[PDB]
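Written below as structure tokens is the structure these notes are about.
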Amino acid sequence: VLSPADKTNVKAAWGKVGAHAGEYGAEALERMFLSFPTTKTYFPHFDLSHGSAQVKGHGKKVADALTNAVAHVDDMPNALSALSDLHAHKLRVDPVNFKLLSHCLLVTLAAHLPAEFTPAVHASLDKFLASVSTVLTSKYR
Amino acid sequence: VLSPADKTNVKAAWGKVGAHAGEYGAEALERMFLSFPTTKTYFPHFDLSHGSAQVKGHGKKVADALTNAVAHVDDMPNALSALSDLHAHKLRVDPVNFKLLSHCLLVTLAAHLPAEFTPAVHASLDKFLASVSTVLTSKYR
Amino acid sequence: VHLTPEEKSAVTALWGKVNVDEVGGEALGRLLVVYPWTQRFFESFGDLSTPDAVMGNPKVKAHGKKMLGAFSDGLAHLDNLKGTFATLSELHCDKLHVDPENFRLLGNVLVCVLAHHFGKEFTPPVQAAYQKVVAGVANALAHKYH
Amino acid sequence: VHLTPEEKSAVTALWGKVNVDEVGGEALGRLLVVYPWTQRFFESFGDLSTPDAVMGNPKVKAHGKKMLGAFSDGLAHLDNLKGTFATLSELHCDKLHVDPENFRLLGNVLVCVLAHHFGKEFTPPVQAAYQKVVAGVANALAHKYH
Ligand code: HEM
Ligand code: HEM
Ligand code: HEM
Ligand code: HEM
């Protein structure tokens, strides 16, 4: 349950991130791969080395999904439905793994948003990413 | 996301449990207290010994909440709203603790429903209790 | 960890009644049905499309029996779970990269299976003893992560 | 656990730049703001009603400094985290009954605080080194549960 303040906070953070979003998505992915090596097995066919074009491209996809969620924050289950089907049914992503990427996304934002990453905005961002994660783990069957 | 089969499965299990529901609620609580001693600190003012009238009474409350959820399965966030406010705002229940009670509720059902606790119904019940838990941890602020 | 004599009594007495050719397959099977991402580690196992297919899949049954074998070994070595599970830890952590939360999940499934099979006999103190056992096994299996 | 020399280098170099009078309060404060059930353990602390009240609460600041003291001790004893955290484990597990997931949460908050303070300097390999450290500290603090 995102409050009006949470939505304002998340929107403001998205705004400051600006066109860096895809670059930041790739950085979050890299951080996850190095900090949490178990997550690497979902990408056996990716080269995960620093500067990998595949990780850059995927970071952009991840960023685009998250901004689609922000833009449709009052109906995330609908907006993220196809993506939740993919991660659960086809990829079989362990639900624990969403917390790990969500943490890395926060760390990435914190490392790039000194003014905006206040305790309040940190809280709002954690709730948003938790909400996105809840939808993304909602389709196991 | 509960499927039509999940709802049928959960309804059937509730039906077999019948008027034992409150008794089973108390048993689940006792199982949690003995298996997971950290949960005991939320009830400092309860006597948690076997046969405690307070645990019996609380088991009935827990059972009544769960059946209210079953009866309103397509709108659990609304039905469980007051309860989610209580557990988050007033009680400050650690979200981990919902998984522990949910497991104990399953064990209780399994120990009492030999015909009904099939792998399919087990799956359906786990999803239901996970859904109830998602609502009950949805109100932290 | 450290079980009391009463808890060790509860565990060993129940375990002597367990069908070790069946309970393993039942627990592995339920794990794959209840937490379906775990099927990711069992792609070679053939038909896992329905609960009935999973439970009757002979490879699931065979592998569950091996898995339960390791639990039995743990039961006989409660005060040295780390040593008992050292090679399995390397396998599950370093080779397979299974997230250790799934070790906890399988343990809890095993608990549900024991509850289902033993009914009233699986009392709350008996369960509490088993919860210490599966916690210790999951922790030892995850040692390579720590 | 076992950090490589490069990881130990990454950790110690960064840590020497940390303001140990401030980062602890900042991390404890964010923990109480971001995961508000944790305020349950801090009822005597007075005003925790808003993020500003939490962050400026002198008891939060004082206690965060003690907490970070223990992290520093862990940093100096990486190959014996269990011994270093034995008394704190008894306190947090046996006396306070804090669920060990909250140890992981505080560690990750500390990571976010370091990222926020050090920016680009907090590179992905630096973070990975810190994630090993906070994982080891959480595991050692939770030893009384295992
Ligand atoms: C936390 C929020 C996440 C978001 C917003 C997200 C988003 C996405 C998107 C947009 C795609 C591409 C979809 C498409 O091509 O149709 C994707 C693919 C994928 N994701 Fe995620 N994801 C998330 C978490 C995760 C996690 C935690 C994992 C595993 C640890 C994961 C593993 C994968 C894999 C393996 C693919 C397919 C890559 C390929 O084969 O091309 N995702 N994700
Ligand atoms: C998992 C599903 C759960 C359900 C359906 C549930 C249901 C309830 C209900 C119906 C009440 C009484 C509400 C009222 O009196 O207005 C209650 C109270 C309470 N619950 Fe839960 N609960 C759940 C989980 C938990 C967990 C995991 C904990 C802690 C480990 C917990 C701790 C408490 C406490 C401390 C009270 C107040 C007792 C008192 O002071 O009288 N609950 N719960
Ligand atoms: C938590 C308690 C567990 C125990 C005691 C256990 C035990 C075992 C044992 C004894 C083997 C046989 C190794 C051999 O053939 O020498 C095995 C193999 C295997 N386990 Fe588990 N296991 C556990 C959990 C898990 C979980 C949760 C998963 C996946 C979600 C898993 C996935 C596998 C796979 C894929 C193999 C086959 C490896 C191979 O043959 O190459 N295990 N396990
Ligand atoms: C994970 C890393 C943690 C470390 C390194 C740590 C460290 C410490 C230290 C050094 C003390 C002072 C003990 C003394 O006065 O001698 C302390 C006290 C305390 N800690 Fe933590 N702590 C951690 C996590 C937590 C968490 C997550 C919580 C609650 C959510 C918590 C709750 C408390 C409380 C309530 C006290 C005061 C106990 C008392 O004075 O009676 N700690 N901790």
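Residues in the structure tokens are named by chain (A, B, ... in the order shown) and by number from 1 within that chain; ligands are numbered from 1 in the order shown.
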Any chance you could tabulate, as a Markdown table, the residues of chain D at most 10 Å from chain A with each one's nearest atom pair and distance in Å to one decimal, using only C-alpha atoms, in chain and rising number order?
| residue | atom | partner | partner_atom | distance |
| --- | --- | --- | --- | --- |
| D:26 | CA | A:119 | CA | 8.8 |
| D:27 | CA | A:119 | CA | 9.6 |
| D:29 | CA | A:119 | CA | 8.1 |
| D:30 | CA | A:119 | CA | 5.7 |
| D:31 | CA | A:119 | CA | 9.1 |
| D:32 | CA | A:119 | CA | 9.7 |
| D:33 | CA | A:123 | CA | 6.7 |
| D:34 | CA | A:123 | CA | 4.5 |
| D:35 | CA | A:123 | CA | 7.9 |
| D:36 | CA | A:123 | CA | 9.7 |
| D:50 | CA | A:120 | CA | 9.0 |
| D:51 | CA | A:120 | CA | 6.3 |
| D:52 | CA | A:119 | CA | 8.5 |
| D:54 | CA | A:119 | CA | 9.7 |
| D:55 | CA | A:119 | CA | 8.3 |
| D:105 | CA | A:103 | CA | 9.9 |
| D:108 | CA | A:103 | CA | 7.4 |
| D:109 | CA | A:103 | CA | 9.1 |
| D:111 | CA | A:107 | CA | 7.3 |
| D:112 | CA | A:107 | CA | 5.2 |
| D:113 | CA | A:110 | CA | 7.7 |
| D:114 | CA | A:111 | CA | 8.4 |
| D:115 | CA | A:111 | CA | 4.8 |
| D:116 | CA | A:110 | CA | 4.6 |
| D:117 | CA | A:114 | CA | 7.6 |
| D:118 | CA | A:111 | CA | 7.0 |
| D:119 | CA | A:111 | CA | 4.1 |
| D:120 | CA | A:111 | CA | 6.1 |
| D:121 | CA | A:111 | CA | 8.4 |
| D:122 | CA | A:111 | CA | 7.1 |
| D:123 | CA | A:31 | CA | 8.3 |
| D:124 | CA | A:31 | CA | 4.9 |
| D:125 | CA | A:34 | CA | 6.7 |
| D:126 | CA | A:35 | CA | 9.2 |
| D:127 | CA | A:35 | CA | 6.8 |
| D:128 | CA | A:35 | CA | 4.0 |
| D:129 | CA | A:35 | CA | 7.4 |
| D:130 | CA | A:35 | CA | 8.5 |
| D:131 | CA | A:35 | CA | 6.1 |
| D:132 | CA | A:35 | CA | 7.7 |
Could you save the residues just selected, with C-alpha atoms, as a short mmCIF file (atom, residue, chain, number, x, y, z; two decimals), in the first residue's frame?
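To be explicit, this is the file written out as part-v1.cif:
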data_model
loop_
_atom_site.label_atom_id
_atom_site.label_comp_id
_atom_site.auth_asym_id
_atom_site.auth_seq_id
_atom_site.Cartn_x
_atom_site.Cartn_y
_atom_site.Cartn_z
CA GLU D 26 22.06 7.08 10.31
CA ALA D 27 21.75 3.31 9.72
CA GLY D 29 17.55 5.57 12.11
CA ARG D 30 16.82 4.38 8.56
CA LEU D 31 16.16 0.87 9.89
CA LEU D 32 13.42 2.26 12.18
CA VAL D 33 12.00 4.44 9.36
CA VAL D 34 12.15 1.90 6.51
CA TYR D 35 11.19 -1.20 8.51
CA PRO D 36 8.94 0.29 11.20
CA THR D 50 8.25 10.93 11.95
CA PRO D 51 11.44 10.36 9.92
CA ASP D 52 12.83 13.71 11.13
CA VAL D 54 13.71 9.41 14.43
CA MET D 55 16.86 10.73 12.74
CA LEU D 105 18.02 -5.80 7.02
CA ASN D 108 21.66 -3.84 3.93
CA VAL D 109 20.64 -0.45 5.36
CA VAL D 111 25.19 -0.74 2.76
CA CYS D 112 22.69 1.86 1.48
CA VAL D 113 24.16 4.45 3.90
CA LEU D 114 27.70 3.76 2.69
CA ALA D 115 26.46 4.01 -0.92
CA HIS D 116 24.76 7.31 -0.15
CA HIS D 117 27.80 8.79 1.61
CA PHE D 118 30.51 7.58 -0.80
CA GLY D 119 28.68 7.73 -4.13
CA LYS D 120 30.72 6.58 -7.15
CA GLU D 121 33.48 5.42 -4.81
CA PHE D 122 31.11 2.71 -3.55
CA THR D 123 31.68 0.60 -6.66
CA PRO D 124 30.00 -2.76 -7.37
CA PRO D 125 33.12 -4.73 -6.26
CA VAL D 126 33.33 -2.59 -3.09
CA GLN D 127 29.66 -3.31 -2.41
CA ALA D 128 30.20 -7.04 -2.97
CA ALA D 129 32.97 -7.02 -0.35
CA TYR D 130 30.70 -5.23 2.10
CA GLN D 131 27.87 -7.67 1.40
CA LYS D 132 30.19 -10.52 2.51
#
Give the residue list for ligand 1 at 9 Å, counting only C-alpha atoms and all ligand atoms, as JSON, numbers by chain, sorted by chain and then by residue number. {"A": [29, 32, 33, 38, 39, 40, 41, 42, 43, 44, 45, 46, 54, 58, 59, 60, 61, 62, 63, 64, 65, 66, 67, 69, 80, 82, 83, 84, 86, 87, 91, 92, 93, 94, 95, 96, 97, 98, 99, 100, 101, 102, 105, 129, 130, 132, 133, 136]}
Least-squares superpose chain B onto chain A - every C-alpha atom, paired in order - and show me the moved coordinates as an mmCIF file with C-alpha atoms, in the first residue's frame.
data_model
loop_
_atom_site.group_PDB
_atom_site.id
_atom_site.type_symbol
_atom_site.label_atom_id
_atom_site.label_comp_id
_atom_site.auth_asym_id
_atom_site.auth_seq_id
_atom_site.Cartn_x
_atom_site.Cartn_y
_atom_site.Cartn_z
ATOM 1 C CA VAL B 1 0.000 0.000 0.000
ATOM 2 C CA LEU B 2 1.746 3.120 -1.353
ATOM 3 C CA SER B 3 0.632 6.388 0.265
ATOM 4 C CA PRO B 4 0.282 9.685 -1.619
ATOM 5 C CA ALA B 5 3.624 10.778 -0.120
ATOM 6 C CA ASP B 6 5.249 7.509 -1.332
ATOM 7 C CA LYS B 7 4.040 8.111 -4.916
ATOM 8 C CA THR B 8 5.315 11.724 -4.821
ATOM 9 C CA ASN B 9 8.630 10.503 -3.426
ATOM 10 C CA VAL B 10 9.039 7.754 -6.030
ATOM 11 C CA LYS B 11 8.030 10.133 -8.871
ATOM 12 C CA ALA B 12 10.591 12.717 -7.698
ATOM 13 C CA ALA B 13 13.347 10.103 -7.550
ATOM 14 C CA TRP B 14 12.445 8.884 -11.073
ATOM 15 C CA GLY B 15 12.592 12.503 -12.222
ATOM 16 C CA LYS B 16 16.087 13.131 -10.903
ATOM 17 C CA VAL B 17 17.359 9.821 -12.289
ATOM 18 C CA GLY B 18 16.181 11.124 -15.660
ATOM 19 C CA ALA B 19 17.721 9.618 -18.792
ATOM 20 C CA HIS B 20 20.284 7.744 -16.646
ATOM 21 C CA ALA B 21 17.618 5.116 -15.883
ATOM 22 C CA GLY B 22 18.857 2.425 -18.279
ATOM 23 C CA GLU B 23 22.461 2.964 -17.235
ATOM 24 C CA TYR B 24 21.412 2.677 -13.592
ATOM 25 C CA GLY B 25 19.443 -0.511 -14.365
ATOM 26 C CA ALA B 26 22.583 -2.109 -15.764
ATOM 27 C CA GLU B 27 24.564 -1.023 -12.720
ATOM 28 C CA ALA B 28 21.985 -2.565 -10.370
ATOM 29 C CA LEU B 29 22.181 -5.813 -12.340
ATOM 30 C CA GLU B 30 26.010 -5.816 -12.133
ATOM 31 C CA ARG B 31 25.863 -5.116 -8.380
ATOM 32 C CA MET B 32 23.501 -8.092 -7.920
ATOM 33 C CA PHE B 33 25.720 -10.418 -9.934
ATOM 34 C CA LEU B 34 28.859 -9.564 -7.904
ATOM 35 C CA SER B 35 27.229 -9.331 -4.463
ATOM 36 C CA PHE B 36 24.853 -12.272 -4.874
ATOM 37 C CA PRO B 37 26.539 -14.852 -7.154
ATOM 38 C CA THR B 38 23.593 -17.332 -7.020
ATOM 39 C CA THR B 39 21.548 -14.947 -9.194
ATOM 40 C CA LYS B 40 24.035 -15.463 -12.039
ATOM 41 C CA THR B 41 22.568 -18.880 -12.913
ATOM 42 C CA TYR B 42 19.474 -17.277 -14.426
ATOM 43 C CA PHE B 43 21.702 -15.702 -17.028
ATOM 44 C CA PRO B 44 23.882 -18.635 -18.173
ATOM 45 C CA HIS B 45 23.818 -17.349 -21.758
ATOM 46 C CA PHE B 46 24.750 -13.724 -20.877
ATOM 47 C CA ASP B 47 28.293 -12.479 -20.637
ATOM 48 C CA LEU B 48 28.203 -10.800 -17.192
ATOM 49 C CA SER B 49 31.606 -9.118 -17.324
ATOM 50 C CA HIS B 50 31.904 -5.404 -16.709
ATOM 51 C CA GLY B 51 30.846 -3.401 -19.775
ATOM 52 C CA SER B 52 28.851 -6.252 -21.290
ATOM 53 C CA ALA B 53 26.486 -5.037 -24.032
ATOM 54 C CA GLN B 54 23.966 -7.685 -22.926
ATOM 55 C CA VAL B 55 23.857 -6.385 -19.326
ATOM 56 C CA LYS B 56 23.562 -2.781 -20.620
ATOM 57 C CA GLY B 57 20.652 -3.804 -22.852
ATOM 58 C CA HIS B 58 18.991 -5.685 -20.046
ATOM 59 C CA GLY B 59 19.401 -2.831 -17.587
ATOM 60 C CA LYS B 60 17.395 -0.705 -20.024
ATOM 61 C CA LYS B 61 14.626 -3.310 -20.120
ATOM 62 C CA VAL B 62 14.553 -3.465 -16.311
ATOM 63 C CA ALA B 63 14.433 0.339 -16.067
ATOM 64 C CA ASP B 64 11.614 0.523 -18.645
ATOM 65 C CA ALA B 65 9.514 -1.981 -16.641
ATOM 66 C CA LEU B 66 10.034 -0.027 -13.409
ATOM 67 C CA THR B 67 9.055 3.292 -15.044
ATOM 68 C CA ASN B 68 5.987 1.625 -16.539
ATOM 69 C CA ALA B 69 5.152 0.630 -12.964
ATOM 70 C CA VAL B 70 5.664 4.230 -11.717
ATOM 71 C CA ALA B 71 3.471 5.579 -14.544
ATOM 72 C CA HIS B 72 0.728 3.127 -13.587
ATOM 73 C CA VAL B 73 1.329 2.966 -9.870
ATOM 74 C CA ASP B 74 -2.359 2.602 -8.943
ATOM 75 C CA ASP B 75 -2.644 -0.523 -11.061
ATOM 76 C CA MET B 76 0.682 -2.303 -11.005
ATOM 77 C CA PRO B 77 -0.858 -5.812 -11.136
ATOM 78 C CA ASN B 78 -2.321 -5.003 -14.552
ATOM 79 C CA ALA B 79 0.737 -3.151 -15.905
ATOM 80 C CA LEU B 80 3.214 -5.865 -14.800
ATOM 81 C CA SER B 81 1.015 -8.872 -15.644
ATOM 82 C CA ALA B 82 2.954 -10.103 -18.680
ATOM 83 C CA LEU B 83 6.250 -9.634 -16.831
ATOM 84 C CA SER B 84 5.010 -11.579 -13.788
ATOM 85 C CA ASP B 85 3.897 -14.445 -16.073
ATOM 86 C CA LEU B 86 7.404 -14.505 -17.613
ATOM 87 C CA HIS B 87 9.395 -14.481 -14.369
ATOM 88 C CA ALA B 88 7.217 -17.111 -12.664
ATOM 89 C CA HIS B 89 6.118 -19.504 -15.431
ATOM 90 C CA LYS B 90 9.002 -19.404 -17.922
ATOM 91 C CA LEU B 91 12.022 -18.263 -15.900
ATOM 92 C CA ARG B 92 11.017 -19.814 -12.569
ATOM 93 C CA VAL B 93 12.741 -17.014 -10.637
ATOM 94 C CA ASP B 94 13.100 -17.755 -6.944
ATOM 95 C CA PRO B 95 11.077 -15.102 -5.005
ATOM 96 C CA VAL B 96 14.078 -14.472 -2.704
ATOM 97 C CA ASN B 97 15.869 -13.057 -5.733
ATOM 98 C CA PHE B 98 13.502 -10.100 -6.059
ATOM 99 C CA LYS B 99 14.611 -8.775 -2.660
ATOM 100 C CA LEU B 100 18.254 -8.993 -3.803
ATOM 101 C CA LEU B 101 17.746 -7.004 -7.029
ATOM 102 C CA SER B 102 15.491 -4.566 -5.176
ATOM 103 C CA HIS B 103 18.287 -3.932 -2.672
ATOM 104 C CA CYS B 104 20.793 -3.393 -5.497
ATOM 105 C CA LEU B 105 18.400 -0.951 -7.211
ATOM 106 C CA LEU B 106 18.260 1.041 -3.952
ATOM 107 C CA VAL B 107 22.040 1.011 -3.573
ATOM 108 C CA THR B 108 22.390 2.231 -7.154
ATOM 109 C CA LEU B 109 19.934 5.091 -6.539
ATOM 110 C CA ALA B 110 21.646 5.992 -3.265
ATOM 111 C CA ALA B 111 25.067 6.061 -4.970
ATOM 112 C CA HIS B 112 23.683 8.446 -7.621
ATOM 113 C CA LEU B 113 21.114 10.598 -5.739
ATOM 114 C CA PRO B 114 22.765 12.341 -2.778
ATOM 115 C CA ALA B 115 20.098 15.013 -2.280
ATOM 116 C CA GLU B 116 17.074 12.789 -2.960
ATOM 117 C CA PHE B 117 17.969 9.604 -1.049
ATOM 118 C CA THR B 118 16.593 10.898 2.278
ATOM 119 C CA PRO B 119 15.278 8.447 4.885
ATOM 120 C CA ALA B 120 11.700 9.232 3.767
ATOM 121 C CA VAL B 121 12.458 8.681 0.043
ATOM 122 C CA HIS B 122 14.465 5.569 0.917
ATOM 123 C CA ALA B 123 11.371 4.215 2.695
ATOM 124 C CA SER B 124 9.106 5.159 -0.237
ATOM 125 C CA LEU B 125 11.440 3.515 -2.752
ATOM 126 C CA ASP B 126 11.697 0.323 -0.685
ATOM 127 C CA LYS B 127 7.874 0.077 -0.569
ATOM 128 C CA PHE B 128 7.602 0.668 -4.315
ATOM 129 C CA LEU B 129 10.176 -2.013 -5.137
ATOM 130 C CA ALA B 130 8.505 -4.357 -2.648
ATOM 131 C CA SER B 131 5.181 -3.695 -4.418
ATOM 132 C CA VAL B 132 6.744 -4.421 -7.826
ATOM 133 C CA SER B 133 8.253 -7.597 -6.356
ATOM 134 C CA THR B 134 4.881 -8.725 -4.894
ATOM 135 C CA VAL B 135 3.334 -8.500 -8.375
ATOM 136 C CA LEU B 136 6.327 -10.220 -9.969
ATOM 137 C CA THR B 137 5.992 -13.197 -7.574
ATOM 138 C CA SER B 138 2.188 -13.290 -7.756
ATOM 139 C CA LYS B 139 1.836 -15.792 -10.622
ATOM 140 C CA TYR B 140 3.457 -19.070 -9.431
ATOM 141 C CA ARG B 141 1.164 -22.055 -10.124
#
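Within 12 Å of chain C, chain D contributes the residues residues 1, 2, 3, 79, 81, 82, 101, 131, 132, 133, 134, 135, 136, 137, 138, 139, 140, 142, 143, 144, 145 and 146 of chain D, using only C-alpha atoms.
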Near-ligand residues for ligand 3, threshold 10 Å, only C-alpha atoms and all ligand atoms, as an NGL selection string: (:A and (94)) or (:C and (24 or 28 or 31-32 or 35-45 or 63-74 or 85 or 87-89 or 91-93 or 95-110 or 134-142))
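Nearest-residue note for ligand 4: choosing from D:9, D:49, D:84, D:57, the minimum distance belongs to D:84, counting only C-alpha atoms and all ligand atoms.
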For atom CA of residue D:62 and atom CA of residue D:21, the interatomic separation in Å (one decimal): 8.4 Å
Determine which residues of stretch 46-134 of chain C DSSP labels as helix (DSSP H, G or I) from the backbone of this structure, then write them out as a ChimeraX atom specification. /C:51-56,58-75,78-84,86-95,101-121,124-134
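The gap separating atom CA of residue D:16 from atom CA of residue D:60 is 22.9 Å, in Å to one decimal.
Take atom CA of residue D:86 and atom 7 (C, counted along the ligand's line) of ligand 4: the distance between them is 11.2 Å.
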